[PDB]
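Just one chain follows, in the form deposited in one PDB entry, and it is written as structure tokens.
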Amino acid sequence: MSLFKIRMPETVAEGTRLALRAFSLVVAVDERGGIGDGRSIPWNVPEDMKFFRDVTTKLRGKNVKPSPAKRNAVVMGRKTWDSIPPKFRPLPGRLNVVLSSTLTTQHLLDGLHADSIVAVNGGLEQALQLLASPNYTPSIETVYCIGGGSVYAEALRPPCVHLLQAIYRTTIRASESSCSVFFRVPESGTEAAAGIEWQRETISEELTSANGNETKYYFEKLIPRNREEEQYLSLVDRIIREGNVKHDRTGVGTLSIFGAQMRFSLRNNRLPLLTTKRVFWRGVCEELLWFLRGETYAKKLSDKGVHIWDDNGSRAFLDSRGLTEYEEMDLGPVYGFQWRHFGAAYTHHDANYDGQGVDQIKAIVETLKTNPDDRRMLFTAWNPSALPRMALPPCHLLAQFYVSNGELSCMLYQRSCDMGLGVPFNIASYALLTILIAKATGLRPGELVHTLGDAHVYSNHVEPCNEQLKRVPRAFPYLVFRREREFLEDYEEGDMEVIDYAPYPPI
């Protein structure tokens, strides 16, 4: 069973090669926005120094020692490197990227072992380009632009500004005509803002510096407004406020709304993994691959530590669905089976189903490659005949593809959507699918459009959801591929990496 698989084309990696790596920015400014004299840093505020070292050294996971394997990177202009006393460079615990057209890597080592320094002949884009390569992605966890006026200037305009994930700004409450170089965040809806709308995530109270001068200062974290996730958050808020009380099969309460639509850009490696509550990506990834393979044995997910189908695959449940002859974890002709073997007679999971039923995924892959204007390019799992033989009816039951300007868009129709767990999971799921299918057809990812039927929140989840509603959505992470694989069905979870995923903690 190898000639029934999808063969990945020669143009597979170029579809999802990361052009630039995402980065955060860290700066100190005065009330006039000045950053320095182009030579040295004017003010002396030890509390900013501590903040700066912390924001740039600390890693996502707790108590993780920075090492070549996993550490942060700081990118800086050459003049900034010079402004640091030779004794204290390179900055410990981090990878020091230096932009210069006159100083090579080895040249930087001449002045003041181990490896923590790279020079780049180019600007911030080139640095982000290099950091996008395998040797740095995903070994480097977070990239920080620690700046220099010209570097900040490059960060705050296209193409780089669209990769800018957070601003960590310290404001020093002092002023002087001694500041030549300036740093200003573009205001919402201005030309300089290039479409971005910077939100304030946090602001500190005014603190006083123990520097002998009694200087005031404060910290702010700015983030680029995530309207896509706000779509979702709005819907949840509308459901709680205006939704109808309903009760599902068990008898559990639910707040419900009917008919809705959301969009998510998949462009430039962008992955719509929700940030206001961490999504279980590993399971998302494992299940989709399990779907694509037309797999119906749930143990294959259970084995890989994904238990999302554990309850629905138990003897207890299968019996309650009258499927008394199914082996435990054999779920019947669900999802993937309909995708790859529509209308094929089902017996047991371990049977051979090669070349049986309709192979919708393959058909679509073939159509996209030859006639991209086709309006019949859609698959479905909603098979009335198969339905009683399934452990569960499909929620996400239909998807349609669309091509424009060499970009693959995809719309998913979901009949019943749990806003709490299902919806975020399925958003990522169909993102991955569209990405993979785009790879298989030599196209770029476009948009994912989500259509909802009965969109619901669980009654007891209202209290938790209300707390999440008060969180400001953060920028989405990115998906990159460690390696490609000859066939579509051969792709493993470890073949792809989600980078710069910084969700909020739970509560």
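Note that residue numbering follows the sequence shown and begins at 1. Just so we're on the same page, rigid core means the largest C-alpha set that superposes within 1.5 Å between forms.
Keep in mind that the form deposited in another entry is not shown, yet the notes after this line are about it.
In the core-aligned comparison between the shown form and the other one, the C-alpha of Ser139 is the only one from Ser234, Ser139, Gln261, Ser302 that shifts by 2 Å or more. With a cut-off of 2 Å and the rigid core superposed, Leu323 has a Cα displacement that falls short of the cut-off between the shown form and the other one.
Superposition on the rigid core between the shown form and the other one places the CA atom of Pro393 less than 2 Å from its counterpart. Annotation: Cα of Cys465 displaced by less than 2 Å between the shown form and the other one, core superposition.
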